[PDB]
Amino acid sequence: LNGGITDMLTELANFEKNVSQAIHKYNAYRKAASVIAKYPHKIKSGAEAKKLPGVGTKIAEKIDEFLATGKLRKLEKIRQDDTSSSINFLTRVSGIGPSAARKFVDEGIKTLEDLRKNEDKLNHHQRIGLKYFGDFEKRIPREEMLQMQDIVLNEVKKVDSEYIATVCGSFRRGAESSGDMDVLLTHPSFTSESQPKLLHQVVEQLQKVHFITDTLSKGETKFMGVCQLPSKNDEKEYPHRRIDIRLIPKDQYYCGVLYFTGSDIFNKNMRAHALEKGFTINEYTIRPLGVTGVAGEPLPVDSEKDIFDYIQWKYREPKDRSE
DNA sequence: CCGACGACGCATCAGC
DNA sequence: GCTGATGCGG
DNA sequence: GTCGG
C-alpha cells in the first residue's frame with residue numbers, strides 16, 4: 001500500500017539515529033512510518049498523510065516529493081555517501097552504537113572485514129556481535145522458541161524447583177516468530193526487602209548443558225548473552241540466538257511479566273486507563289494515587305490478574321494484548 | 001516558543 | 001584505587 | 001520532527 005513511503009521514513013530514521021545522533025528524530029520518523037503502515041488507503045498526497053498523528057509538515061513535504069518523483073533527493077545523497085553509509089552500517093553490529101561507529105569510520109574502519117582485521121579495537125560485546133553478525137539478524141521461528149523454552153524451564157527447575165521462570169515478549173502473546181528470548185526469573189527467597197547467586201546458578205546451569213554459548217553482560221540481576229539449540233548429530237546447526245535473563249523480586253514479578261509481555265501499545269493503554277482509575281503502574285509496581293496525586297505504597301500483586309482487578313479491567317489473555 | 005520525547009543494568013571510560 | 005559519566009541495548 | 005502547554 002504505502003511501502004515506498006514507510007521504507008523511506010524508516011531509512012531516514014536510521015540515519016538520524018546512527019549518523020546524526022538525533023534519537024528523537026529517529027523516533028519521530030518511526031512513529032510516522034507506523035501510523036502510515038496502519039493506514040488502509042494508498043496515500044495520494046502529503047496533505048492526506050499530514051492528517052495522521054505523528055505526520056507533520058516536513059514529512060508531508062517528503063511524501064509529496066516521493067510521490068511526484070519516486071525518490072527523495074536527500075536520501076539518495078546520503079545513501080551514496082561513503083562515510084555516512086558506513087557509519088549507518090556498522091551500528092548493525094551489536095555493541096557498536098553511533099559513537100563507536102563514528103570512531104571506527106573516522107579511523108578508516110568501514111566494513112565487517114575491517115572490523116575482523118582490528119579485533120584489538122573491539123570490546124568483548126562488540127567481538128561477540130561481530131562473530132554472530134548474520135545470526136543475530138535472523139528471526140526465530142516459534143517452533144524453535146518452544147524448544148528453547150523447553151530447555152530453559154527444565155534447567156531452571158533442575159537448579160531449584162522453587163524458581164519461577166516466564167518467557168515473555170511477543171512469543172508469550174503467541175507470535176509466529178521472535179527476535180530474541182526474554183526470560184523473567186524469580187524465587188520466593190528474593191523480595192524487594194530481602195542472594196547474589198540466584199541468577200548465577202541459573203546462568204551456570206545453562207552454560208553447563210551448553211545452551212548458553214557466550215555472555216555479553218552479567219550482573220546480580222541481569223544477564224544478556226547468546227544461546228543455541230543443540231544440533232541433531234547430522235543436520236545443519238541452528239543459528240546462535242540472543243537471550244536475556246532478568247531476576248526480579250517476587251513481589252514485583254507479575255508487574256515485570258505484564259510489562260515485558262507488552263505489547264508496547266497495550267502497556268500505554270493499560271497505564272492510561274490505570275491513571276484515570278487512580279493508580280500508577282510502572283515496570284515494578286502498581287501504587288494508588290491520592291487526591292492531590294501523591295503515590296502511596298505499592299499494592300500486593302500475586303498474579304497478572306491482580307493488576308487487572310485493581311483497575312477494573314477484565315483479564316486480558318496475552319494473545320489479546322496487541323493493543 | 002520551547003521542552004518532552006523511558007528508565008535503568010552492566011561495561012567501560014574520564015576524572016580525581 | 002574509587003566515583004560518576006557515557007555508551008549501549010532493551 | 002512532531003506535538004502540545
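In what follows, every heavy atom counts, from backbone to side chain, and hydrogens, waters and symmetry copies are set aside. Chain letters run A, B, ... following the sequence lines, proteins first and then strands; every chain starts at 1.
To the nearest 0.5 Å, the span separating CG on A:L229 from CD1 on A:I151 amounts to 5.5 Å. Within the model, atoms OG1 of A:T280 and CG of A:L299 stand 11.0 Å from one another, a figure rounded to the nearest 0.5 Å.
In this structure A:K222 satisfies the side-chain contact (heavy atoms from CB on, under 4.5 Å) test together with A:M224, A:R246, sequence neighbours excluded.
Sorted by first then second residue, the salt bridge (charged side-chain N to carboxylate O under 4.0 Å, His left out) pairs that include residues 84-104 of chain A, not counting sequence neighbours, are A:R92-A:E137.
Looking at heavy-atom distances under 4.0 Å, A:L52 makes contact with sugar-phosphate atoms alone, never a base. Among the protein residues, A:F260 comes within range of no part of the nucleic acid, since none of its heavy atoms lies under 4.0 Å from any strand. In this structure, A:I59 reaches the sugar-phosphate backbone alone: every heavy-atom distance under 4.0 Å involves primed, P, OP1 or OP2 atoms, never a base. Across all strands, A:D244 comes closer than 4.0 Å only to sugar-phosphate atoms, never to a base (heavy-atom distances). At the heavy-atom level, A:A22 lies nowhere under 4.0 Å from the strands shown. Using a 4.0 Å heavy-atom distance criterion, A:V93 is classed as a sugar-phosphate-only contact. In this structure, A:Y284 reaches the sugar-phosphate backbone alone: every heavy-atom distance under 4.0 Å involves primed, P, OP1 or OP2 atoms, never a base.
In terms of heavy-atom proximity, A:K121 sits nearest to A:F104 at O-CZ, 3.7 Å. Across A:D214 and A:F223, no two heavy atoms sit closer than the pair O-CZ, 3.9 Å.
Look at CD on A:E11: it is 16 Å from P on D:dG1, rounded to the nearest Å. Nucleotide D:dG1 holds its P atom 16 Å from the CG atom of A:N14, rounded to whole Å. In this entry the distance linking NZ of A:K17 with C1' of C:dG10 reads 12 Å, nearest Å. One can place CD of A:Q21 at 8 Å from P of C:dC8, the figure rounded to the nearest angstrom. Taking atom CE of A:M224 as the reference point, atom P of C:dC8 lies 13 Å away to the nearest angstrom. Nucleotide C:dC8 holds its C1' atom 13 Å from the CZ atom of A:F104, rounded to whole Å. Residue A:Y132 contributes atom OH, which lies 18 Å from atom P of C:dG9 at whole-angstrom precision. A straight line from CD of A:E137 to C1' of C:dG9 spans 15 Å, rounded to a whole angstrom.
Within a 6.0 Å radius of CG in A:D106, more than 12 heavy atoms belonging to other residues, nucleotides or ligands are found.
Base stacking of B:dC8 on B:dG9: present (ring centres under 5.5 Å, plane angle under 30°).
Comparing the P positions of C:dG10 and B:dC5 gives an interatomic distance of 23 Å, to the nearest angstrom. For C:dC8 and B:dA7, the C1' atoms lie 14 Å apart once the distance is rounded to whole Å. Taking the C1' atom of each, B:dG9 and D:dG1 are spaced 30 Å apart, rounded to whole Å.
Base-pair partner of B:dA7: not found among the strands shown (Watson-Crick or G-U wobble, both distances under 3.5 Å).
Listed nucleotides D:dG1, D:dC3, C:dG9 differ in distance to A:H125; the shortest reach to its side chain belongs to C:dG9. The side chain of A:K25 has D:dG1 as its nearest neighbour among C:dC8, C:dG9, D:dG1.
For D:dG1, the torsion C1'-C2'-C3'-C4' is below zero, which places the sugar in the south, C2'-endo range.
Toward the 5' end of DNA chain B, the nearer of the two residues A:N123 and A:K222, judged by each one's closest nucleotide, is A:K222.
Under a 4.0 Å N-O distance rule, the pair A:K268/A:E323 does not qualify as a salt bridge.
On the nucleic acid side, DNA chain B contacts chain A at distances under 4.0 Å to non-hydrogen atoms, with the end points of that region at B:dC5 to B:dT12.
Within the 4.0 Å cut-off from OP1 or OP2 of C:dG10, at least one side-chain nitrogen or oxygen of A:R242 is found.
Side-chain atoms of A:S217 and A:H125 include no donor-acceptor pair closer than 3.5 Å.
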